[PDB]
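Structure 1 and structure 2, given next as structure tokens, are two forms of the same protein chain, each shown alone.
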Structure 1
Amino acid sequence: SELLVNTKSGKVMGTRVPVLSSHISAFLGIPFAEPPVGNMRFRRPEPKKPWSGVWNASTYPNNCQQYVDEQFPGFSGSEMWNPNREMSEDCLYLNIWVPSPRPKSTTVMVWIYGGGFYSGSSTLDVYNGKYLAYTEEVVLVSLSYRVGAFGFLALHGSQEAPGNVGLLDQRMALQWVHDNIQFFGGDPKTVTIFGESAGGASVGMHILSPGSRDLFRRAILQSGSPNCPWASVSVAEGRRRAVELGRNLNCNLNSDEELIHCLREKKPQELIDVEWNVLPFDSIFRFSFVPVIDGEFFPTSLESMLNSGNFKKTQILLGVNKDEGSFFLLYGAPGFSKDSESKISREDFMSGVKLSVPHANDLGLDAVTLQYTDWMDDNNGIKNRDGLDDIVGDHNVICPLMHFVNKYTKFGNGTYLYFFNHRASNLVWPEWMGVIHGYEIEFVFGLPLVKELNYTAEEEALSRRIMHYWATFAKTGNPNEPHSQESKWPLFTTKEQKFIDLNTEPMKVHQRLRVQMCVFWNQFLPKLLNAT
């Protein structure tokens, strides 16, 4: 029977699963590592010891230990991103959706969730890969990885807490797909890794890290890049936050061994309670325990690796959403509220500026405000709100990615670039937030195809277009079907720099995505700060 699969680690038994008037196979909660509990907290993951018997693979696993958003209790808009399973340090598991009948060798897609490296779950409703596996005849995997301190506490020079271990969690997941996906009908030679936000940053980090390049074929990055200012810290800064975390918990701080033994003693929620207190009073758009530039996982600085071609050469498909700053501001900036139009005075605009560029001389502040202020209309609350939203999105997401795109394309084997700007008809967040960070995911996973989810027919067609782009790219490295004559999504070349709009209108091709602002962010502003 097709719900039984033998693997190099043991037998697993899945469940038949309905999906749009048909059925497919799902294997939920397969372990890919030893449970990182106890004195293994903060350590590199070990491979899952092989098991006897059949592993019930019919129900979702636990989610990892993480902060939980409570800003809007019961609000579906925020709670659709929270853990929907019991939380535990025993959380290193993957899930697989396999078409029925089982294929023999079809392309594989591995989903890497986001959440700023401090949160995330593979079991969210928007991450349910059954629609995509069934519609595009792919084998859909979603992995999990340790977040927060559990996955990214970095005491460099130590082997009990070296940092980046949540990245090694993902890597082991990919190694297990390389080794066992052939038994699920998947082609381990055509594995596409994809992910959004922190997951998009992860994908790019696996493109960069030599110990990861050989475990996948190509890559998709949504609203995230490895060079994003929130996505990595130095070895010094990682050690500082780790010691600062000990201070918060009354820890002996003389050695790394004593620091680590104390932290291993605390219950997980104790660590999470004080997690945000280690950030520098430098503030707001930054998360505590992120990957570290350690010399091992990342040989040198990300910028030098990028400049020298020191990265896997393949095909990539990536892009951004129109409004990437909205959540940063709602949750952390003064004067933004879920239930008002959040119009913003001149005063509040100037304070959000300062929050958006941590540690910038005053001359830099003027540079930013001069660039984003309409001085013919400088007291317009809506323009001030939109301007701040652009500042935050350009700085933290769009312009890092545009830098990555341009650096990568000089050496890679094909780049495709998209600008997603359709606001979902049924979005529960306020209108002023726009085409929000994170709200293309439901289209990539084909949720518009479910009528009771209350999407427009145009949104079903856009989701089908997008799913087909993603899967056709994963099978062949080109989103366009060969001899099917609809408008072509053109290659992104250093010369032309073309991209497309992704929305419900007929495709349009543009050039040089937000080049005006990103010249400012990627070339002018850092020069200004360097020379003052």
Structure 2
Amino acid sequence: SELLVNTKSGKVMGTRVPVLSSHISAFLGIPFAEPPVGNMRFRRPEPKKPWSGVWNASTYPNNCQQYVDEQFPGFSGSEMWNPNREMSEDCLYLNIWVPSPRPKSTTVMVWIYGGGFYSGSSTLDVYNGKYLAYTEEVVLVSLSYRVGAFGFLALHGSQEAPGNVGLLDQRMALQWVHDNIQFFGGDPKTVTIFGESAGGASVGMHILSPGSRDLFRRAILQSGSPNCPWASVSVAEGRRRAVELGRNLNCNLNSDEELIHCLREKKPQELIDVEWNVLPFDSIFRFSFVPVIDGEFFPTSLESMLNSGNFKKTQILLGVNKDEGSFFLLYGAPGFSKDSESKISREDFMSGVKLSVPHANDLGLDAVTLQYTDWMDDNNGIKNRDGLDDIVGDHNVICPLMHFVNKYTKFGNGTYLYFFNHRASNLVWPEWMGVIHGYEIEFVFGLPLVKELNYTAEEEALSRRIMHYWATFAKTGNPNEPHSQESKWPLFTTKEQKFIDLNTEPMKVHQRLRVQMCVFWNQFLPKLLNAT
């Protein structure tokens, strides 16, 4: 009865799941779009046709087709991010966790997974929504969206492969939540969208895009922002990559209709096998098929939108991890496995700089090199490793986010900024990698509350603190409970630019998160590359 819900698309039947010696309701694999298959591959999503009968929503759905990571077969640290369900183009489903008994109209949080817009699943163990839903009494939704060429092949002008359809998949799940979440006890007027990495970029993209703004109340962005250098391409570059993808499969390249028709007849794994070939350079933290600045989903360039205040004005909470770049270098820079601690020579540093800033001319490479080299000690393998670590994280995550946060805060209605710098006591990655891209997620989702996962008592308390900040922000637009005695997370303002650390120590307030390097990345280096 609790598990039986009549929606505007049909009746659904959920399942009762255990969580921390109690139970809650889960509705898994609810369809929100027509399967984007056959002649609908690369097309805008269509609403799911209402069904008769009872949709069985007790099991996780398929994951979208995607490149599977085989760098470290069997290693939990990488396997925890891979699809744990069968892959299929039939993947546009959402999941809902509902406190029990069902609330009347409580706060809703909607998760958007990351994965560079080429990978990701709503069904990962680390996205299990039951702990956050139970502990904070929120309705927790996780959506899905098409990735890779299936989500972001962009032949602008064509209505058959317009680009950005994976962003429209997300918007369609948000529309479904808007129309139906009230029947699961959720308040459609108090929906917070949150996501990490490409999920965080996505969240920012919905803040910008006029067509998405009314489908949510406020936003949380983790280690990602819409202006990230890897998160979008021009319509020309998207067109170039789509054609290059056809060339890699010996397709007729004479017309969009011919190219698209050829691509629609390849098996999914055939597109995935060639996906990495269309990139313009050898590079790390670059992805083949990503959103396009199309003049439709994004009316103008992201910078002009940010400059003019052309975005949803609300409250945002956002932040970064200390070592965003480490796993990208381990995976993509060969020098990082010549040494057990990944100390690297000066030659490998220079090579890595080229791989990490692939768009820079030779003068920009020197500028990057000079900014991150200790010329008193340039053969120090540790300083070389750490310098290139910072380059990757600053360029791709931290400084784009700081640019976004300063532009947004001029027009928005409240900004809260964090710096997550706790290394989990049970981490399986080597210590030099630090606080890795993605490893705040398990704290946000409450995993340290599970005794058998072997976190410390301090880490359970940190997880509880973070979940409550997140939910209280979702509920009120402010992560703090005023009237409490706890330390207060202060607003980020244009003038004082305050942020807090998130770790196991008592709260610290700082100002101007990595301002020195982000002036280099956000102001000086683009001016240098614009000059030459």
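Just so we're on the same page, rigid core means the largest C-alpha set that superposes within 1.5 Å between forms. Here, a residue number simply tells you its place in the sequence of structure 1, counted from 1. Only residues modelled in both forms are compared.
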TODO: Quick one: lay the two forms over each other on the core and tell me which of 274, 253, 235, 284 moves its CA by at least 2 angstroms between the two structures.
DONE: 284
TODO: Inspect the rigid-core superposition and answer whether the C-alpha of residue 338 shifts by 2 angstroms or more between the two structures.
DONE: yes
- [ ] Would you mind giving the Cα movement of residue 510 between the two structures in Å, after fitting on the rigid core?
- [x] 0.2
- [ ] Go ahead and list the segments of at least 3 residues in a row whose C-alphas all shift 2 Å or more between the two structures, with the rigid core as the reference fit.
- [x] 281-285, 337-339
